[PDB]
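Here is the structure we will look at, set down as structure tokens.
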Ligand SMILES: [Zn+2]
Ligand SMILES: [Zn+2]
Ligand SMILES: [Zn+2]
């Protein structure tokens, strides 16, 4: 007897993700998850209503001081989990 059928499609329910590293802004980035610095990898919200990785952003502004989502004047609104 042959085998059944498999293959589960995916959706785009995952949004508002740190484009800098392309990692769940809620969780630690690939740079913090490997170094185990999650506790430090916090979420930084901007005036443009865009959450990012306090660690990434800091490194992003080094090259582009503009939100990689709306390329708008990045303004650290609030920081925290
Ligand atoms: Zn990131
Ligand atoms: Zn990080
Ligand atoms: Zn933005």
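Derivation of every value follows stated rules applied to the coordinates shown; laboratory data play no part. Here Cβ is always computed from backbone atoms with ideal geometry, including for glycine, and neighbour counts include all displayed protein chains.
Can you give the Kirkwood hydrodynamic radius for the chain, in Å, rounded to one decimal and based on Cα pairs? It would help to have the intermediate numbers written out before the result.
On the way: mean 1/r = 0.0715 Å⁻¹.
Its Kirkwood hydrodynamic radius stands at 14.0 Å.
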Distance in nm between residue 76 and residue 59 label points, each 7 Å along Cα→Cβ, equals 1.7 nm
Fewest first, what order do 73, 27 take by the number of other Cβ atoms within 10 Å? 73, 27
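Ignoring everything except DSSP H segments at least 4 long, calculate the 222 nm mean residue ellipticity for the chain; use -39,500 (n - 2.57) per segment, divide by total residues, nearest 500.
Details: 2 runs with 11 residues, N = 81.
So the helix-based figure for the chain works out to -3000 deg cm²/dmol.
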From Cα pairs below 8 angstrom and at least 6 apart in sequence, can you work out the relative contact order of the chain, rounded to a whole percent? 27 percent
